[PDB]
Amino acid sequence: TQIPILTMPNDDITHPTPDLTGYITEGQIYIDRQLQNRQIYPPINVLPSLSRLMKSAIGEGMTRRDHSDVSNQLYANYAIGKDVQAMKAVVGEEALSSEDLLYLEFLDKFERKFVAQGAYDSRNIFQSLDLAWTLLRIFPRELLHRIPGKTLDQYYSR
Amino acid sequence: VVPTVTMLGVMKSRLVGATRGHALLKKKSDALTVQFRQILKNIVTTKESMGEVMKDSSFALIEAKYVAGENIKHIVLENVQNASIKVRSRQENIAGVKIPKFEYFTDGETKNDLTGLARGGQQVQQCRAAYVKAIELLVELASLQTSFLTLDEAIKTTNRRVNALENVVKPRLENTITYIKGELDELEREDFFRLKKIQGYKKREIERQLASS
């Protein structure tokens, strides 16, 4: 398994070497400058990041079954939380509905706990999935649209 | 518009910021339009109540004529048992825009009543009810006018952005890329090739001279 650490010149992907290695390789994990400015030690831009073979890695025998579903749900909810932050900026946040506050607080708690990990802190994939689930419990059961049925109630029960 | 990569980066950042601002303005405009539609529905309901309000009010005057005949007229003018003309209005920021909450008589502060006349009860049930309707009518009218003006301004800004800002910046980025590449890269490579040829035929001349000598 190869995980090159390729610096992108001029802080962009348009540079020859970054675009070339992106064409050659099959994934692109990122590191957001703003997260470093906001002092999150893992600055990995989760929303931009992506792995082409994510489906093959996640399974029942290897990893746990809910992993892919919770990954998709967290990605969608993160996007929605960014959109809700923009909305709260533009309209003054008074017009926000309850679900808007839910998404915004989920974004805040995500950035506070899931993204920020200790430089020496270690989390097993089971532990990380449990942390993501704990982040997920704050949403209502119906709100987790992306989560398949009979898997939500399996774990959302806590 | 220097073709230098600094200008290209500046233009790309400007385009990205323009796209983000366009999205934000579109979301804000949509929310303001939804709020304006709700206010318009409320104003339509109040307008429907209007006219029937005056029809109900006329019954109070008929009852006054039947019971007490002519009114007191002059300063007194009679015909009033309730709904003293005192109001309380305040501008409230809704969806980021201040909207005056015009609460008029029968719904505004310091409203007062003085017992009941022969048709004073009919006046309260008819004239004062009209005042209660008019309070909501004025509040809704002010809110609707403010929301319509704000939505028009926001829609104009968004349309202007989408029609001019991006539609000018994207050609600027394209021109910068075309100039930068097709001038600098092409001419630099041509100069390098000419230098390589110069060295090549210099070596050829050296070899020819060595063969001659």
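Chains A and B, in that order, are what the protein sequence lines are.
Letter by letter, the first sequence follows residues 327 to 484 in the UniProt record's numbering.
Letter by letter, the second sequence follows residues 9 to 221 in the UniProt record's numbering.
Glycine included, C-beta positions come from ideal geometry on N, C-alpha and C.
Among the options, nearest to residue i - alpha-carbon criterion
{"i": "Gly444 (chain A)", "options": "A:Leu332, A:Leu373 and A:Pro369", "result": "A:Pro369"}
{"i": "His30 (chain B)", "options": "B:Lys205, B:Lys210 and B:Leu173", "result": "B:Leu173"}
{"i": "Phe465 (chain A)", "options": "A:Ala421, A:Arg449, A:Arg484 and A:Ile350", "result": "A:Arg484"}
{"i": "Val88 (chain B)", "options": "B:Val18, B:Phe200, B:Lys204 and B:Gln134", "result": "B:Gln134"}
{"i": "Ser155 (chain B)", "options": "B:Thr123, B:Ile107, B:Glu191 and B:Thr118", "result": "B:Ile107"}
{"i": "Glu111 (chain B)", "options": "B:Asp121, B:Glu100 and B:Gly104", "result": "B:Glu100"}
{"i": "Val132 (chain B)", "options": "B:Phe67, B:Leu152, B:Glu148 and B:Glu196", "result": "B:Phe67"}
{"i": "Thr114 (chain B)", "options": "B:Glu196, B:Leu145, B:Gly25 and B:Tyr139", "result": "B:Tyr139"}
{"i": "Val84 (chain B)", "options": "B:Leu122, B:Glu191 and B:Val75", "result": "B:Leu122"}
{"i": "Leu376 (chain A)", "options": "A:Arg359, A:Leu361, A:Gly385 and A:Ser394", "result": "A:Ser394"}
{"i": "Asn90 (chain B)", "options": "B:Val42, B:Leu157, B:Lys63 and B:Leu125", "result": "B:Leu125"}
{"i": "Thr118 (chain B)", "options": "B:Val105, B:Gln130 and B:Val95", "result": "B:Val95"}
{"i": "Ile329 (chain A)", "options": "A:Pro342, A:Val441, A:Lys476 and A:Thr347", "result": "A:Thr347"}
{"i": "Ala442 (chain A)", "options": "A:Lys476, A:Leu361, A:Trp459 and A:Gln453", "result": "A:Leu361"}
{"i": "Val170 (chain B)", "options": "B:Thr27, B:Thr12, B:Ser21 and B:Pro11", "result": "B:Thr27"}
{"i": "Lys439 (chain A)", "options": "A:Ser424, A:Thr460 and A:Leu428", "result": "A:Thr460"}
{"i": "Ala383 (chain A)", "options": "A:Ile451, A:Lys476, A:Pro474 and A:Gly475", "result": "A:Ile451"}
{"i": "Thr166 (chain B)", "options": "B:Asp38, B:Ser21, B:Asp199 and B:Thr12", "result": "B:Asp38"}
{"i": "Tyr74 (chain B)", "options": "B:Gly25, B:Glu182 and B:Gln130", "result": "B:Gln130"}
Residue i, buried or exposed, once every other Cβ within 10 Å from all chains shown has been counted against 16
{"i": "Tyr404 (chain A)", "result": "buried"}
{"i": "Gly387 (chain A)", "result": "exposed"}
{"i": "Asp392 (chain A)", "result": "buried"}
{"i": "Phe432 (chain A)", "result": "buried"}
{"i": "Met19 (chain B)", "result": "buried"}
{"i": "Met58 (chain B)", "result": "exposed"}
{"i": "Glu148 (chain B)", "result": "buried"}
{"i": "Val9 (chain B)", "result": "exposed"}
{"i": "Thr333 (chain A)", "result": "exposed"}
{"i": "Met62 (chain B)", "result": "exposed"}
{"i": "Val372 (chain A)", "result": "buried"}
{"i": "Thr14 (chain B)", "result": "exposed"}
{"i": "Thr54 (chain B)", "result": "buried"}
{"i": "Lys141 (chain B)", "result": "buried"}
{"i": "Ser65 (chain B)", "result": "buried"}
{"i": "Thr184 (chain B)", "result": "buried"}
{"i": "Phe44 (chain B)", "result": "buried"}
{"i": "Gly385 (chain A)", "result": "exposed"}
{"i": "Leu157 (chain B)", "result": "exposed"}
{"i": "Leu428 (chain A)", "result": "buried"}
Beta-carbon proximity of residue i to residue j, cut-off 8 Å
{"i": "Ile188 (chain B)", "j": "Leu16 (chain B)", "result": "yes"}
{"i": "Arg127 (chain B)", "j": "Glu71 (chain B)", "result": "yes"}
{"i": "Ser92 (chain B)", "j": "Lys109 (chain B)", "result": "no"}
{"i": "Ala103 (chain B)", "j": "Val410 (chain A)", "result": "no"}
{"i": "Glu437 (chain A)", "j": "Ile339 (chain A)", "result": "no"}
{"i": "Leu462 (chain A)", "j": "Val396 (chain A)", "result": "yes"}
{"i": "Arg378 (chain A)", "j": "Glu352 (chain A)", "result": "yes"}
{"i": "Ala162 (chain B)", "j": "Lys36 (chain B)", "result": "yes"}
{"i": "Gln399 (chain A)", "j": "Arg472 (chain A)", "result": "yes"}
{"i": "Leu48 (chain B)", "j": "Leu159 (chain B)", "result": "no"}
{"i": "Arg467 (chain A)", "j": "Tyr481 (chain A)", "result": "no"}
{"i": "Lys178 (chain B)", "j": "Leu23 (chain B)", "result": "yes"}
{"i": "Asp426 (chain A)", "j": "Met413 (chain A)", "result": "yes"}
{"i": "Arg359 (chain A)", "j": "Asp345 (chain A)", "result": "no"}
{"i": "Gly407 (chain A)", "j": "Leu430 (chain A)", "result": "yes"}
{"i": "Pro374 (chain A)", "j": "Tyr356 (chain A)", "result": "yes"}
{"i": "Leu469 (chain A)", "j": "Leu478 (chain A)", "result": "no"}
{"i": "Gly116 (chain B)", "j": "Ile80 (chain B)", "result": "no"}
{"i": "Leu455 (chain A)", "j": "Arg390 (chain A)", "result": "yes"}
{"i": "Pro11 (chain B)", "j": "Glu182 (chain B)", "result": "no"}
Residue range of the alpha helix (DSSP H) that includes residue i
{"i": "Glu196 (chain B)", "result": "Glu194 to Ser220"}
{"i": "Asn101 (chain B)", "result": "Note, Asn101 (chain B): premise wrong, no alpha helix (DSSP H); beta strand (DSSP E) at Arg96 to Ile102."}
{"i": "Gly128 (chain B)", "result": "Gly128 to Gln131"}
{"i": "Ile51 (chain B)", "result": "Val13 to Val75"}
{"i": "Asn398 (chain A)", "result": "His393 to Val417"}
{"i": "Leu427 (chain A)", "result": "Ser424 to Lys435"}
{"i": "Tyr481 (chain A)", "result": "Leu478 to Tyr482"}
{"i": "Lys381 (chain A)", "result": "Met380 to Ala383"}
{"i": "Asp345 (chain A)", "result": "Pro342 to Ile350"}
{"i": "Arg359 (chain A)", "result": "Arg359 to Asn363"}
{"i": "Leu470 (chain A)", "result": "No alpha helix (DSSP H) holds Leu470 (chain A); DSSP gives it neither H nor E."}
{"i": "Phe440 (chain A)", "result": "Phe440 (chain A) -> no alpha helix (DSSP H), and no H or E assigned at all."}
{"i": "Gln328 (chain A)", "result": "No alpha helix (DSSP H) holds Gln328 (chain A); DSSP gives it neither H nor E."}
{"i": "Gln89 (chain B)", "result": "Unbroken run through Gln89 (chain B): none, as it is neither H nor E."}
{"i": "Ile451 (chain A)", "result": "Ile451 to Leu462"}
Residue i, enclosing beta strand (DSSP E) - first and last residue
{"i": "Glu111 (chain B)", "result": "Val105 to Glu111"}
Closer than 7 Å: residue i CB and nearest the ligand SAH heavy atom
{"i": "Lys435 (chain A)", "result": "Summarising the ligand content, the structure contains no ligands, and the ligand SAH is consequently not present."}
- Those runs of the alpha helix (DSSP H) which lie wholly inside the stretch 148 to 180 of chain B and span at least 4 residues: none
- Compile a chain-ordered list of the residues in the UniProt domain "ATP synthase A/B type C-terminal" (383 to 482) of chain A whose CB is closer than 9 Å to at least one CB of chain C. Among the protein chains of the structure shown, namely A and B, there is no chain C.
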